[PDB]
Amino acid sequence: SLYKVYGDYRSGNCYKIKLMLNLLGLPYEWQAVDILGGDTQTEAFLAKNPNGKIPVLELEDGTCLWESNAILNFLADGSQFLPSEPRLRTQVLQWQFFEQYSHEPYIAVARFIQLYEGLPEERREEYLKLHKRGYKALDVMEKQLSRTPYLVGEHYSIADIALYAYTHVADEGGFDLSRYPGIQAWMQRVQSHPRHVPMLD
């Protein structure tokens, strides 16, 4: 009612918003969008996000906010999930831009190729390159989480939420997280939050 999400629960970018809404106890309606079925290419959808992607968060007055990581900032602002100190707020945004530039296009797309398309031969060379670049991003996270328990110091924030969404299913794109015990112990910490919800119910 206060919030309406247009989304697909299987999409890591949309899972970020399901998780944030539940962690904050905020009420929502979920409108399932079928991207293969054409739902993001209609004019009705493009009026909500001209970039043609989910998730979209629609507010009570009809205003539509898009980009999953910008939606996390809107929901979290003033909460314990988004620091107000400029250096710490900047570090949270650093991990979020890093997630959109250096991580998502390798982790999410490898998972699409393998889980959604069954790893076709025609995409195998592409897939192996995504593996090399995705592992490079997991290596960055492993070094940080070998030193602090969340990406930004001692406090769970929307940087962790942004990176947990696809990292927790990186095995579905053929990444072997047993190589990353610091990532695995962080996934455990995220998942231990008393209001945590899984991607699928």
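Residue indices: 1-based, along the sequence shown.
- For the pair 14 to 22 and 189 to 197, the mean B factor over Cα atoms is greater in 189 to 197.
- Stretches compared: 67 to 75, 108 to 116. Higher mean C-alpha B-factor in the entry: 108 to 116.
- Highest CA B-factor among the listed residues (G134, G37, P50, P55): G37.
- Per-chain ranking of the deposited C-alpha B factor places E142 in the middle third.
- Among the modelled residues of its chain, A159 has a C-alpha B-factor that falls in the middle third, as given in the PDB entry.
- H103 sits in the lowest third of its chain by CA B factor, as recorded in the PDB entry.
- When the modelled residues of the chain are ordered by their C-alpha B factor, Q94 lands in the lowest third.
- In the deposited entry, the Cα temperature factor of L46 sits in the middle third of values across the chain's modelled residues.
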